[PDB]
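Scroll down for the structure; my scribbles are underneath it.
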Amino acid sequence: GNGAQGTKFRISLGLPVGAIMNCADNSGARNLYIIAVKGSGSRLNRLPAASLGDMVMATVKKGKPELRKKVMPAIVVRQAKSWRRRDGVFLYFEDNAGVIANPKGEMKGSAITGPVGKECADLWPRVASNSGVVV
Amino acid sequence: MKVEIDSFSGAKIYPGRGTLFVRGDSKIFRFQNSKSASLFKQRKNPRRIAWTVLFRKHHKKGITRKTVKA
Amino acid sequence: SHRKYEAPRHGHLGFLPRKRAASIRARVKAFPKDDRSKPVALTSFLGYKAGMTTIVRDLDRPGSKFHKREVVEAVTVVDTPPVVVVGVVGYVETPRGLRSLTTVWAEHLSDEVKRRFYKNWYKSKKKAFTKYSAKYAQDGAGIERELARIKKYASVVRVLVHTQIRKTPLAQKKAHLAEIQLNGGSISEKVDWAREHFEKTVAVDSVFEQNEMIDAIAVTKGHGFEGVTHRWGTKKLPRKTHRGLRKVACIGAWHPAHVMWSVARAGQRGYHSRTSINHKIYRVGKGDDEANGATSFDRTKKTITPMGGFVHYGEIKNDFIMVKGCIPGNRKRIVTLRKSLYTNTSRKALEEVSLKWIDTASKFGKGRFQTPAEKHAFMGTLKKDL
RNA sequence: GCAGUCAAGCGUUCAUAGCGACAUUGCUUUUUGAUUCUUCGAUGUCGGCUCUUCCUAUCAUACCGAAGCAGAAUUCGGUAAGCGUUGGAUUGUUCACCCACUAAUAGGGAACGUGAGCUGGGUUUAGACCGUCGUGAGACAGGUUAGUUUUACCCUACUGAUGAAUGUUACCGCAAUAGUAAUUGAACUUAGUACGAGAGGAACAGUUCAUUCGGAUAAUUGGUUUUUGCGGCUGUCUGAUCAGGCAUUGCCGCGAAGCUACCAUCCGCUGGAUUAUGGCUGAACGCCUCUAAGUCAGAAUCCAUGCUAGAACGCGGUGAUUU
RNA sequence: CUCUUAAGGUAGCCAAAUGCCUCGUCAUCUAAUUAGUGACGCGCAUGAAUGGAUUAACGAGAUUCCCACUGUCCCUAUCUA
RNA sequence: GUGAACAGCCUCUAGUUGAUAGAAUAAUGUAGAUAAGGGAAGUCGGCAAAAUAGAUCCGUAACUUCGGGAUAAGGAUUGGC
Ligand SMILES: [Mg+2]
Ligand SMILES: [Mg+2]
Ligand SMILES: [Mg+2]
Ligand SMILES: [Mg+2]
Ligand SMILES: [Mg+2]
Ligand SMILES: [Mg+2]
Ligand SMILES: [Mg+2]
Ligand SMILES: [Mg+2]
Ligand SMILES: [Mg+2]
Ligand SMILES: [Mg+2]
Ligand SMILES: [Mg+2]
Ligand SMILES: [Mg+2]
Ligand SMILES: [Mg+2]
Ligand SMILES: [Mg+2]
Ligand SMILES: [Mg+2]
Ligand SMILES: [Mg+2]
Ligand SMILES: [Mg+2]
Ligand SMILES: [Mg+2]
Ligand SMILES: [Mg+2]
Ligand SMILES: [Mg+2]
Ligand SMILES: [Mg+2]
Ligand SMILES: [Mg+2]
Ligand SMILES: [Mg+2]
Ligand SMILES: [Mg+2]
Ligand SMILES: [Mg+2]
Ligand SMILES: [Mg+2]
Ligand SMILES: [Mg+2]
Ligand SMILES: [Mg+2]
Ligand SMILES: [Mg+2]
Ligand SMILES: [Mg+2]
Ligand SMILES: [Mg+2]
Ligand SMILES: [Mg+2]
Ligand SMILES: [Mg+2]
Ligand SMILES: [Mg+2]
Ligand SMILES: [Mg+2]
Ligand SMILES: [Mg+2]
Ligand SMILES: [Mg+2]
Ligand SMILES: [Mg+2]
Ligand SMILES: [Mg+2]
Ligand SMILES: [Mg+2]
Ligand SMILES: [Mg+2]
Ligand SMILES: [Mg+2]
Ligand SMILES: [Mg+2]
Ligand SMILES: [Mg+2]
Ligand SMILES: [Mg+2]
Ligand SMILES: [Mg+2]
Ligand SMILES: [Mg+2]
Ligand SMILES: [Mg+2]
Ligand SMILES: [Mg+2]
Ligand SMILES: [Mg+2]
Ligand SMILES: [Mg+2]
Ligand SMILES: [Mg+2]
Ligand SMILES: [Mg+2]
Ligand SMILES: [Mg+2]
Ligand SMILES: [Mg+2]
Ligand SMILES: [Mg+2]
Ligand SMILES: [Mg+2]
Ligand SMILES: [Mg+2]
Ligand SMILES: [Mg+2]
Ligand SMILES: [Mg+2]
Ligand SMILES: [Mg+2]
Ligand SMILES: [Mg+2]
Ligand SMILES: [Mg+2]
Ligand SMILES: [Mg+2]
Ligand SMILES: [Mg+2]
Ligand SMILES: [Mg+2]
Ligand SMILES: [Mg+2]
Ligand SMILES: [Mg+2]
Ligand SMILES: [Mg+2]
Ligand SMILES: [Mg+2]
Ligand SMILES: [Mg+2]
Ligand SMILES: [Mg+2]
Ligand SMILES: [Mg+2]
Ligand SMILES: [Mg+2]
Ligand SMILES: [Mg+2]
Ligand SMILES: [Mg+2]
Ligand SMILES: [Mg+2]
Ligand SMILES: [Mg+2]
Ligand SMILES: [Mg+2]
Ligand SMILES: [Mg+2]
Ligand SMILES: [Mg+2]
Ligand SMILES: [Mg+2]
Ligand SMILES: [Mg+2]
Ligand SMILES: [Mg+2]
Ligand SMILES: [Mg+2]
Ligand SMILES: [Mg+2]
């Protein structure tokens with residue numbers, strides 16, 4: 001039911017459909033290929049776009065045969081589009097990365113390779129627990 | 001409010017200014033503008049760029065009591 | 001036959017026509033509701049849009065993720081040297097609407113305002129209001145005859161004020177003259193106050209204060225003739241398409257046999273009047289204050305003028321208003337600031353701000369410094385200098 | 001294709017909560033047929049793109065009335081078209097069908113809207129292959145592949161732009177009329193409450209954000225570079241140096257200013273009257289009844305406030321008017 | 001077994017640029033595939049120089065996917081003549 | 001001259017300097033360009049555009065009529081002194 005505790009201030013959208021981002025958890029998915037964004041409305045021809053902390057629906061293009069060929073929810077931990085927070089700073093990661101997780105928002109895996117943006121870790125306390133450096 | 005500093009050139013960075021970049025390793029790289037940033041992105045060495053605080057510090061450019069009563 | 005997919009219409013039909021606005025002055029279409037129990041003050045002010053800068057402040061929005069956190073915000077800066085009152089105009093309501101039944105002008109008129117009644121000032125004999133000034137030679141019973149007339153009649157009294165253009169960096173010399181409505185009580189008290197202020201000066205802080213919400217009324221920065229696509233936001237047409245891609249493919253259906261007021265078509269863009277509302281007043285300037293840019297947190301004596309000076313504008317030597325966000329129109333253009341049309345609770349308004357820091361870095365590029373006193377400190381000493 | 005009437009039945013019981021047989025009255029002209037009025041000295045044919053407007057037989061969002069409405073959820077209905085109705089996979093396709101998001105992924109019209117707007121993938125000439133048919137030429141409503149998309153300078157229409165005449169010129173104003181705008185979701189809390197045996201599980205007040213839409217604006221961040229602003233490079237030319245020419249802007253790093261991006265920021269108002277509906281008082285009719293007289297409350301409605309034009313044959317106040 | 005023929009489709013190939021039914025079924029690739037490919041074959045109407053089957057290499061030939069790449073697109077923006 | 005080179009680019013000789021012009025620098029265009037994050041979601045279809053590239057070295061599959069395939073694939077280098 002999109003557990004997702006807190007609001008989220010808007011940050012620039014870097015992840016349209018078709019965009020394939022790296023898999024930052026120990027699940028054994030190598031990449032997540034985003035087919036939709038949770039909580040995007042509609043406009044003629046606009047490609048639904050996710051950003052840090054957004055939950056998406058993905059398939060796994062490279063990975064364990066258990067995880068391939070099936071739709072499943074994700075959470076974007078890592079952006080690469082510069083976005084702007086309310087303290088003024090324009091910041092961006094090196095890669096696009098997310099962690100496969102369940103609709104509740106509970107991670108598939110126990111750990112996250114890499115850092116995570118503070119917005120996403122505040123959003124999803126199960127991503128909080130498994131997170132390394134934050135921002 | 002903190003003034004931050006450009007880790008490449010060394011120039012002061014006032015709030016809501018410049019860019020910020022989180023490399024894979026979580027080393028945080030703050031630029032005052034596009035110029036420093038774009039250098040960073042070419043693998044340019046600050047000590048080798050004449051106007052960087054790094055360079056002029058390297059070249060030593062322009063640096064120019066009490067009583068014991070116990 | 002029908003749309004085949006539904007989308008909003010491009011553009012807001014309410015702002016039609018898209019034509020070039022009537023003058024660089026934007027008209028004040030309304031004034032705050034008169035509460036006559038209050039003392040008589042101006043309802044609006046005249047000024048010039050100088051430029052923008054950045055702010056830093058703590059945020060009071062309990063329950064927000066930034067509550068008690070610092071934020072940067074863009075602001076804009078209006079040169080606001082006191083207005084001078086040159087006259088009052090009275091209005092009576094009729095079944096046909098409100099109607100002005102006289103004006104009264106003070107004796108001596110400034111050579112800035114005088115310059116406004118003239119297309120060529122250097123050639124004129126400068127005769128304006130010379131015979132009108134003769135109305136003061138006696139006790140001024142001709143004057144008083146109107147003044148008391150406006151008292152007798154006139155549900156509504158406005159003041160004619162003008163800018164002090166000379167007192168600003170502009171090159172324009174010919175001041176801007178405008179009607180301001182008087183919202184203190186008792187139409188008599190109003191024209192009393194009017195008279196006593198003839199030829200006098202009135203500055204901005206008699207009108208607005210800090211945290212107050214004010215509306216901006218100005219003419220849009222104009223772009224001249226525009227194509228369909230940027231003017232209305234029409235989607236670009238495909239690459240492969242003959243004879244133009246920035247267009248509307250279907251100007252309309254066969255019937256009706258005429259293209260419609262509602263279809264996007266290429267014409268003027270920009271230079272419209274706009275009435276823009278709800279800006280919080282972040283700072284109330286005094287040109288007689290050194291340490292304008294300063295703050296209880298900052299403390300280092302600097303004015304709001306950036307190094308290198310507001311680009312295309314100048315130095316802000318007088319009082320000023322600083323308002324959150326951006327205001328319609330562009331730099332050097334004459335701008336009206338109006339008190340709000342309504343009482344807004346809204347909690348976002350009513351937030352009482354305290355600026356921490358006002359960005360003094362130069363705007364002619366990516367500025368590295370606030371004061372000249374800092375630039376020396378960091379950089380040290382040069383091949384000029386000592 | 002859509003809606004009624006009767007009410008045998010269905011619905012544990014109970015015709016009509018929700019339905020409904022036998023029959024019967026209808027509407028509609030996004031079906032197809034029927035016809036042949038118009039056009040064969042020519043009305044560019046399918047679909048899609050794009051864009052605008054209209055319908056309502058409302059999918060969503062407002063307010064309501066009904067339930068086989070405890071709660072949740074759903075379903076029937078009224079006022080309702082103000083407002084939104086998407087992103088993809090195969091397919092030329094309309095259609096069909098799946099995937100996914102969504103408040104919802106309603107149906108239709110405008111010469112089956114829209115080709116001097118596009119495209120040309122299909123259809124529908126002239127090349128060619130196959131299969132069936134034919135002795136044959138050739139045929140095939142059987143499958144394929146290649147196949148030139150013309151013109152606007154006229155009138156009107158629309159978009160913006162000037163303008164004679166009413167003494168002149170100038171400044172400040174009014175506002176008939178015409179336009180109008182906002183949208184929708186979520187989290188916190190109410191509250192693990194009401195309700196329920198439980199499983200489950202709301203709403204108003206409040207707070208924080210978000211969607212679509214719109215008007216701006218350039219502090220900041222990004223884009224753009226003929227500032228050919230500075231620096232670098234190759235080739236060749238000026239004996240060399242210094243400093244430069246030529247390479248359709250020679251190329252590359254940075255690059256102000258300007259323009260400009262939900263890729264950046266800011267902003268988007270408040271009164272009134274009604275609709276359905278629920279009531280008061282209240283006869284007709286000594287009772288009863290929201291209705292007949294009269295009357296209270298009320299929706300994304302409507303009229304305004306606000307917002308944009310400002311009649312070039314609507315107008316008011318005011319300055320100065322030539323030897 | 002029977003009726004019938006000049007002989008009654010062999011070897012091969014197949015929903016093939018040959019299959020009406022038809023978007024055939026199964027498999028595969030996909031989140032999803034009237035597409036592709038692999039199979040199956042009472043094949044409307046496959047088939048032996050009316051040439052059948054297969055095929056290295058070739059091809060501005062029709063089609064399918066993948067990697068790279070991209071203003072094709074989200075979504076537009078800016079410059080030069 | 002550079003260079004593999006009658007390539008492309010610059011030059012000597014000779015021969016031109018002909019093509020209506022002036023002032024601007026709206027929309028739309030024709031011709032040339034660049035774009036943050038995404039990377040074909042656009043679309044009948046990657047149409048179009050981008051990416052690739054020269055030379056030295058290293059590495060080089062299925063299949064094959066043993067000639068090929070083959071620059072397959074894929075890497076490293078490169079100036080001046
Ligand atoms: Mg959607
Ligand atoms: Mg489309
Ligand atoms: Mg920049
Ligand atoms: Mg429709
Ligand atoms: Mg008004
Ligand atoms: Mg074409
Ligand atoms: Mg001070
Ligand atoms: Mg600037
Ligand atoms: Mg018919
Ligand atoms: Mg029909
Ligand atoms: Mg006919
Ligand atoms: Mg005819
Ligand atoms: Mg005909
Ligand atoms: Mg014709
Ligand atoms: Mg015809
Ligand atoms: Mg025609
Ligand atoms: Mg209806
Ligand atoms: Mg129930
Ligand atoms: Mg249910
Ligand atoms: Mg409508
Ligand atoms: Mg029809
Ligand atoms: Mg048609
Ligand atoms: Mg047409
Ligand atoms: Mg055409
Ligand atoms: Mg055709
Ligand atoms: Mg064709
Ligand atoms: Mg012929
Ligand atoms: Mg045929
Ligand atoms: Mg051809
Ligand atoms: Mg073709
Ligand atoms: Mg012309
Ligand atoms: Mg006349
Ligand atoms: Mg119970
Ligand atoms: Mg209980
Ligand atoms: Mg509430
Ligand atoms: Mg917008
Ligand atoms: Mg805009
Ligand atoms: Mg350049
Ligand atoms: Mg050289
Ligand atoms: Mg040279
Ligand atoms: Mg020389
Ligand atoms: Mg030298
Ligand atoms: Mg030369
Ligand atoms: Mg050059
Ligand atoms: Mg810039
Ligand atoms: Mg924003
Ligand atoms: Mg109001
Ligand atoms: Mg009544
Ligand atoms: Mg408004
Ligand atoms: Mg009229
Ligand atoms: Mg008029
Ligand atoms: Mg008349
Ligand atoms: Mg007049
Ligand atoms: Mg097939
Ligand atoms: Mg075959
Ligand atoms: Mg096959
Ligand atoms: Mg099947
Ligand atoms: Mg298939
Ligand atoms: Mg495909
Ligand atoms: Mg077959
Ligand atoms: Mg059959
Ligand atoms: Mg046969
Ligand atoms: Mg045969
Ligand atoms: Mg034979
Ligand atoms: Mg045959
Ligand atoms: Mg053979
Ligand atoms: Mg053969
Ligand atoms: Mg050939
Ligand atoms: Mg060929
Ligand atoms: Mg094929
Ligand atoms: Mg050589
Ligand atoms: Mg040569
Ligand atoms: Mg020429
Ligand atoms: Mg323009
Ligand atoms: Mg360019
Ligand atoms: Mg790009
Ligand atoms: Mg990129
Ligand atoms: Mg990629
Ligand atoms: Mg594609
Ligand atoms: Mg596609
Ligand atoms: Mg598509
Ligand atoms: Mg498609
Ligand atoms: Mg091409
Ligand atoms: Mg070989
Ligand atoms: Mg190679
Ligand atoms: Mg070397």
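Ligands are numbered from 1 in the order shown, residues from 1 within each chain, and chains are lettered A, B, ... in the order they appear in the structure tokens.
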Neighbouring residues of residue 259 in chain D were defined as those with any atom within 12 Å, considering only C-alpha atoms (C1' of nucleotides); residues of the same chain fewer than 2 positions away were excluded. Please report them as a PDB file with N, CA and C atoms (P, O5', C5', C4', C3', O3' and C1' of nucleotides), in the first residue's frame.
ATOM      1  N   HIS C 223       8.717  40.094 -26.404  1.00  0.00           N
ATOM      2  CA  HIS C 223       9.511  39.414 -27.415  1.00  0.00           C
ATOM      3  C   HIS C 223       9.142  39.740 -28.862  1.00  0.00           C
TER       4      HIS C 223
ATOM      5  P     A D 218      13.689  38.830 -15.380  1.00  0.00           P
ATOM      6  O5'   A D 218      14.776  37.692 -15.188  1.00  0.00           O
ATOM      7  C5'   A D 218      15.276  37.419 -13.897  1.00  0.00           C
ATOM      8  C4'   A D 218      16.383  36.397 -13.889  1.00  0.00           C
ATOM      9  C3'   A D 218      17.553  36.625 -14.851  1.00  0.00           C
ATOM     10  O3'   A D 218      18.749  36.384 -14.144  1.00  0.00           O
ATOM     11  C1'   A D 218      16.787  34.411 -15.016  1.00  0.00           C
ATOM     12  P     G D 223      25.853  22.913 -19.277  1.00  0.00           P
ATOM     13  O5'   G D 223      24.720  23.126 -20.371  1.00  0.00           O
ATOM     14  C5'   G D 223      24.252  22.068 -21.187  1.00  0.00           C
ATOM     15  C4'   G D 223      23.131  22.541 -22.073  1.00  0.00           C
ATOM     16  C3'   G D 223      23.550  23.437 -23.210  1.00  0.00           C
ATOM     17  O3'   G D 223      24.047  22.686 -24.291  1.00  0.00           O
ATOM     18  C1'   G D 223      21.676  24.378 -22.109  1.00  0.00           C
ATOM     19  P     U D 224      25.551  22.945 -24.749  1.00  0.00           P
ATOM     20  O5'   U D 224      25.366  24.182 -25.729  1.00  0.00           O
ATOM     21  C5'   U D 224      24.332  24.115 -26.699  1.00  0.00           C
ATOM     22  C4'   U D 224      23.790  25.461 -27.094  1.00  0.00           C
ATOM     23  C3'   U D 224      24.818  26.465 -27.547  1.00  0.00           C
ATOM     24  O3'   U D 224      25.187  26.237 -28.895  1.00  0.00           O
ATOM     25  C1'   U D 224      23.226  27.496 -26.117  1.00  0.00           C
ATOM     26  P     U D 225      26.737  26.172 -29.298  1.00  0.00           P
ATOM     27  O5'   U D 225      27.162  27.694 -29.138  1.00  0.00           O
ATOM     28  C5'   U D 225      26.563  28.684 -29.965  1.00  0.00           C
ATOM     29  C4'   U D 225      27.445  29.890 -30.098  1.00  0.00           C
ATOM     30  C3'   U D 225      28.915  29.569 -30.323  1.00  0.00           C
ATOM     31  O3'   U D 225      29.479  30.441 -31.274  1.00  0.00           O
ATOM     32  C1'   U D 225      28.636  30.761 -28.283  1.00  0.00           C
ATOM     33  P     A D 257      26.361  36.686 -17.151  1.00  0.00           P
ATOM     34  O5'   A D 257      25.567  37.772 -17.980  1.00  0.00           O
ATOM     35  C5'   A D 257      26.128  39.055 -18.181  1.00  0.00           C
ATOM     36  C4'   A D 257      25.863  39.537 -19.577  1.00  0.00           C
ATOM     37  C3'   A D 257      24.494  39.175 -20.119  1.00  0.00           C
ATOM     38  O3'   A D 257      23.491  40.051 -19.659  1.00  0.00           O
ATOM     39  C1'   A D 257      26.144  38.695 -21.744  1.00  0.00           C
ATOM     40  P     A D 261      11.710  28.317 -21.709  1.00  0.00           P
ATOM     41  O5'   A D 261      12.551  27.073 -21.204  1.00  0.00           O
ATOM     42  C5'   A D 261      12.489  25.847 -21.908  1.00  0.00           C
ATOM     43  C4'   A D 261      12.838  24.697 -21.007  1.00  0.00           C
ATOM     44  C3'   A D 261      12.168  24.702 -19.639  1.00  0.00           C
ATOM     45  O3'   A D 261      10.861  24.172 -19.645  1.00  0.00           O
ATOM     46  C1'   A D 261      14.463  24.413 -19.348  1.00  0.00           C
TER      47        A D 261
ATOM     48  P     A E  77      11.211  25.838 -28.124  1.00  0.00           P
ATOM     49  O5'   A E  77      12.596  26.275 -27.504  1.00  0.00           O
ATOM     50  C5'   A E  77      12.668  26.760 -26.182  1.00  0.00           C
ATOM     51  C4'   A E  77      14.075  26.644 -25.662  1.00  0.00           C
ATOM     52  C3'   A E  77      15.164  27.322 -26.482  1.00  0.00           C
ATOM     53  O3'   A E  77      15.235  28.729 -26.314  1.00  0.00           O
ATOM     54  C1'   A E  77      15.854  25.143 -25.988  1.00  0.00           C
ATOM     55  P     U E  78      15.166  29.723 -27.585  1.00  0.00           P
ATOM     56  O5'   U E  78      16.668  30.166 -27.832  1.00  0.00           O
ATOM     57  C5'   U E  78      17.579  30.216 -26.757  1.00  0.00           C
ATOM     58  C4'   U E  78      18.973  29.891 -27.213  1.00  0.00           C
ATOM     59  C3'   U E  78      19.374  30.403 -28.576  1.00  0.00           C
ATOM     60  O3'   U E  78      19.649  31.779 -28.619  1.00  0.00           O
ATOM     61  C1'   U E  78      20.128  28.199 -28.339  1.00  0.00           C
ATOM     62  P     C E  79      19.661  32.528 -30.038  1.00  0.00           P
ATOM     63  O5'   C E  79      20.967  32.009 -30.803  1.00  0.00           O
ATOM     64  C5'   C E  79      22.267  32.460 -30.457  1.00  0.00           C
ATOM     65  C4'   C E  79      23.324  31.804 -31.309  1.00  0.00           C
ATOM     66  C3'   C E  79      23.345  32.197 -32.776  1.00  0.00           C
ATOM     67  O3'   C E  79      23.961  33.445 -33.025  1.00  0.00           O
ATOM     68  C1'   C E  79      23.529  29.854 -32.590  1.00  0.00           C
TER      69        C E  79
END
**Message:** Around ligand 26, out to 12 Å and counting only C-alpha atoms (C1' of nucleotides) and all ligand atoms, which residues are there? I want them as a PyMOL selection string.
**Reply:** (chain D and resi 92+119-124+145-147+149) or (chain F and resi 44)
**Message:** Around ligand 55, which protein and nucleic acid residues have at least one atom no more than 10 Å from it, if we count only C-alpha atoms (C1' of nucleotides) and all ligand atoms? List them as a VMD selection string.
**Reply:** chain E and resid 13 to 14 16 53 to 54
**Contacts to ligand 72 at 9 Å cut-off (only C-alpha atoms (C1' of nucleotides) and all ligand atoms) as a VMD selection string** = chain F and resid 1 3 5 to 8
For the residues selected in the previous step, produce a file with N, CA and C atoms (P, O5', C5', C4', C3', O3' and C1' of nucleotides) as a PDB file, in the first residue's frame.
ATOM      1  P     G F   1      57.246  19.197 -52.691  1.00  0.00           P
ATOM      2  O5'   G F   1      56.580  19.451 -51.278  1.00  0.00           O
ATOM      3  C5'   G F   1      57.343  20.121 -50.294  1.00  0.00           C
ATOM      4  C4'   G F   1      56.468  20.798 -49.291  1.00  0.00           C
ATOM      5  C3'   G F   1      55.668  19.861 -48.416  1.00  0.00           C
ATOM      6  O3'   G F   1      56.447  19.346 -47.352  1.00  0.00           O
ATOM      7  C1'   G F   1      54.267  21.594 -49.227  1.00  0.00           C
ATOM      8  P     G F   3      53.971  14.444 -43.850  1.00  0.00           P
ATOM      9  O5'   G F   3      52.882  13.692 -44.720  1.00  0.00           O
ATOM     10  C5'   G F   3      51.718  13.221 -44.087  1.00  0.00           C
ATOM     11  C4'   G F   3      50.697  12.772 -45.083  1.00  0.00           C
ATOM     12  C3'   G F   3      51.074  11.611 -45.984  1.00  0.00           C
ATOM     13  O3'   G F   3      51.078  10.349 -45.311  1.00  0.00           O
ATOM     14  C1'   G F   3      49.962  13.271 -47.239  1.00  0.00           C
ATOM     15  P     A F   5      52.659  10.156 -50.445  1.00  0.00           P
ATOM     16  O5'   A F   5      51.972  10.680 -51.780  1.00  0.00           O
ATOM     17  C5'   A F   5      51.932   9.812 -52.904  1.00  0.00           C
ATOM     18  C4'   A F   5      50.628   9.896 -53.647  1.00  0.00           C
ATOM     19  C3'   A F   5      50.088  11.295 -53.837  1.00  0.00           C
ATOM     20  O3'   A F   5      50.793  11.936 -54.890  1.00  0.00           O
ATOM     21  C1'   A F   5      48.345   9.860 -53.132  1.00  0.00           C
ATOM     22  P     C F   6      50.251  13.236 -55.646  1.00  0.00           P
ATOM     23  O5'   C F   6      48.939  12.710 -56.393  1.00  0.00           O
ATOM     24  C5'   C F   6      48.699  12.948 -57.768  1.00  0.00           C
ATOM     25  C4'   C F   6      47.819  14.160 -57.940  1.00  0.00           C
ATOM     26  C3'   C F   6      46.393  14.043 -57.419  1.00  0.00           C
ATOM     27  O3'   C F   6      45.989  15.277 -56.822  1.00  0.00           O
ATOM     28  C1'   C F   6      46.427  14.249 -59.834  1.00  0.00           C
ATOM     29  P     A F   7      45.542  15.340 -55.278  1.00  0.00           P
ATOM     30  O5'   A F   7      44.399  14.235 -55.157  1.00  0.00           O
ATOM     31  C5'   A F   7      43.062  14.508 -55.540  1.00  0.00           C
ATOM     32  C4'   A F   7      42.088  13.914 -54.553  1.00  0.00           C
ATOM     33  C3'   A F   7      41.475  14.884 -53.548  1.00  0.00           C
ATOM     34  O3'   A F   7      40.312  15.511 -54.052  1.00  0.00           O
ATOM     35  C1'   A F   7      42.353  13.040 -52.407  1.00  0.00           C
ATOM     36  P     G F   8      40.207  17.106 -54.145  1.00  0.00           P
ATOM     37  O5'   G F   8      40.238  17.562 -52.632  1.00  0.00           O
ATOM     38  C5'   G F   8      39.027  17.656 -51.927  1.00  0.00           C
ATOM     39  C4'   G F   8      39.280  17.614 -50.459  1.00  0.00           C
ATOM     40  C3'   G F   8      39.960  18.832 -49.869  1.00  0.00           C
ATOM     41  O3'   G F   8      39.092  19.931 -49.664  1.00  0.00           O
ATOM     42  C1'   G F   8      41.065  16.910 -49.131  1.00  0.00           C
TER      43        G F   8
END
**10 Å shell around ligand 17 using only C-alpha atoms (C1' of nucleotides) and all ligand atoms, listed as a ChimeraX atom specification** = /D:56-58,78-81
Can those selected residues be exported to a file as a PDB file, in the first residue's frame so that it contains C-alpha atoms (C1' of nucleotides)?
ATOM      1  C1'   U D  56     -24.253  13.444 -23.075  1.00  0.00           C
ATOM      2  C1'   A D  57     -26.449   8.330 -23.637  1.00  0.00           C
ATOM      3  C1'   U D  58     -21.156  10.653 -17.000  1.00  0.00           C
ATOM      4  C1'   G D  78     -30.736  12.933  -9.359  1.00  0.00           C
ATOM      5  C1'   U D  79     -28.332  18.212 -10.361  1.00  0.00           C
ATOM      6  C1'   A D  80     -24.425  17.857 -13.334  1.00  0.00           C
ATOM      7  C1'   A D  81     -19.957  18.184 -19.618  1.00  0.00           C
TER       8        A D  81
END
**Message:** Can you pull out the residues contacting residue 135 in chain A? Cut-off 8 Å, using only C-alpha atoms (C1' of nucleotides), and skip same-chain residues under 5 positions away; I want them as JSON, numbers by chain.
**Reply:** {"A": [115, 116, 117, 118], "B": [22, 26]}
**Request:** For range 30-45 of chain A, please output as an MDAnalysis selection string all residues within 9 Å (counting only C-alpha atoms (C1' of nucleotides); exclusion window: fewer than 5 positions along the same chain).
**Result:** (chainID A and resid 15:25 50 54:64 71 73:74 97:100) or (chainID C and resid 5:8) or (chainID D and resid 86:88 100:102 185:186 210:212) or (chainID E and resid 31 73:74)
Distance cut-off 7 Å, counting only C-alpha atoms (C1' of nucleotides) - which residues of chain C neighbour chain F? Return them as a PDB file with N, CA, C and O atoms, in the first residue's frame.
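Printed below is iface-v7.pdb as written:
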ATOM      1  N   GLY C 224       8.223  40.657 -29.113  1.00  0.00           N
ATOM      2  CA  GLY C 224       7.862  40.887 -30.502  1.00  0.00           C
ATOM      3  C   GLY C 224       7.194  39.661 -31.099  1.00  0.00           C
ATOM      4  O   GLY C 224       6.697  38.786 -30.400  1.00  0.00           O
ATOM      5  N   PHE C 225       7.215  39.599 -32.425  1.00  0.00           N
ATOM      6  CA  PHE C 225       6.477  38.554 -33.117  1.00  0.00           C
ATOM      7  C   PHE C 225       7.000  37.170 -32.759  1.00  0.00           C
ATOM      8  O   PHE C 225       8.210  36.954 -32.675  1.00  0.00           O
ATOM      9  N   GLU C 226       6.085  36.216 -32.559  1.00  0.00           N
ATOM     10  CA  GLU C 226       6.463  34.869 -32.137  1.00  0.00           C
ATOM     11  C   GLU C 226       5.791  33.814 -33.001  1.00  0.00           C
ATOM     12  O   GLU C 226       4.707  34.037 -33.550  1.00  0.00           O
ATOM     13  N   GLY C 227       6.446  32.651 -33.103  1.00  0.00           N
ATOM     14  CA  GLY C 227       5.828  31.501 -33.733  1.00  0.00           C
ATOM     15  C   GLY C 227       4.810  30.797 -32.850  1.00  0.00           C
ATOM     16  O   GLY C 227       4.769  30.967 -31.629  1.00  0.00           O
ATOM     17  N   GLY C 244       7.431  23.725 -42.786  1.00  0.00           N
ATOM     18  CA  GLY C 244       7.429  24.144 -41.399  1.00  0.00           C
ATOM     19  C   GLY C 244       7.088  23.099 -40.361  1.00  0.00           C
ATOM     20  O   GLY C 244       6.149  22.318 -40.530  1.00  0.00           O
ATOM     21  N   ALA C 266       0.192  32.522 -34.783  1.00  0.00           N
ATOM     22  CA  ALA C 266       1.456  33.195 -34.530  1.00  0.00           C
ATOM     23  C   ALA C 266       1.273  34.702 -34.576  1.00  0.00           C
ATOM     24  O   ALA C 266       0.772  35.258 -35.567  1.00  0.00           O
TER      25      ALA C 266
END
**Asked** Quick one: DSSP strand (DSSP E or B) residues in range 264-366 of chain C, as a list in words?
**Response** residues 268, 269, 273, 274, 275, 276, 277, 278, 279, 280, 281, 282, 283, 284, 320, 321, 322, 323, 324, 334, 335, 336, 337, 338, 339, 355, 356, 357 and 358 of chain C
